[PDB]
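Novice: Encoded as structure tokens, here's the structure I'll be asking about.
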Amino acid sequence: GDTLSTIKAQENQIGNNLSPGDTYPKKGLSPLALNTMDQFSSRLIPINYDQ
Amino acid sequence: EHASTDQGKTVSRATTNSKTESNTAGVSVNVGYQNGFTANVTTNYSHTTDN
């Protein structure tokens, strides 16, 4: 029931195009890393023991 | 019976001269988060000599 964390796409994770029925990255390409652990990223999302 | 009474008196004097030679070597590894993900590795070595 609780929000672990709220994410917002960094300037390097902005998709230029998204046609209806398409995805970003496109089909066949590998998915995006949510954090990337870089000089731009936010801290990793923590979880308790209960969660 | 035979009864005795001895009394003494000592005077001493000692001089020491020491000399030590120490060497040190260490590695410090740091990882953290500060407006982004950071990392450091420090390598130090020291030499002391006392008389």
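Going through the structure tokens in order, the chains are called A, B, and so on, while each chain numbers its residues from 1 and the ligands are numbered from 1 in the order shown.
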Write out as a Markdown table a residue-level contact list of chain B versus chain A with cut-off 10 Å: for each qualifying residue the closest pair of atoms and the distance in Å to one decimal, counting only C-alpha atoms, rows sorted by chain and residue number upward.

Specialist:
```
| residue | atom | partner | partner_atom | distance |
| --- | --- | --- | --- | --- |
| B:32 | CA | A:43 | CA | 10.0 |
| B:33 | CA | A:43 | CA | 7.4 |
| B:34 | CA | A:39 | CA | 8.8 |
| B:35 | CA | A:39 | CA | 7.0 |
| B:36 | CA | A:39 | CA | 4.2 |
| B:37 | CA | A:39 | CA | 5.7 |
| B:38 | CA | A:39 | CA | 7.8 |
```

Novice: Quick one: residues within 9 Å of residue 19 in chain B, only C-alpha atoms, excluding same-chain residues fewer than 6 positions away - as a PyMOL selection string?

Specialist: chain B and resi 49-51

Novice: For the residues in the current selection, export N, CA and C atoms as a PDB file, in the first residue's frame.

Specialist:
```pdb
ATOM      1  N   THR B  49      60.936   7.690  12.249  1.00  0.00           N
ATOM      2  CA  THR B  49      62.228   7.390  12.854  1.00  0.00           C
ATOM      3  C   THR B  49      62.408   8.279  14.068  1.00  0.00           C
ATOM      4  N   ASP B  50      62.527   7.676  15.246  1.00  0.00           N
ATOM      5  CA  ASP B  50      62.647   8.429  16.484  1.00  0.00           C
ATOM      6  C   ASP B  50      63.853   7.971  17.285  1.00  0.00           C
ATOM      7  N   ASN B  51      64.473   8.928  17.970  1.00  0.00           N
ATOM      8  CA  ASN B  51      65.631   8.690  18.818  1.00  0.00           C
ATOM      9  C   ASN B  51      65.312   9.193  20.213  1.00  0.00           C
TER      10      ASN B  51
END
```

Novice: Separation of CA of residue 28 in chain A and CA of residue 14 in chain A, in Å?

Specialist: 18.5 Å

Novice: Between CA of residue 26 in chain B and CA of residue 43 in chain B, what is the spacing in Å?

Specialist: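 We find that CA of residue 43 in chain B and CA of residue 26 in chain B lie 5.9 Å from each other.
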
Novice: At what distance in Å, to one decimal, does CA of residue 47 in chain A lie from CA of residue 12 in chain A?

Specialist: 26.0 Å
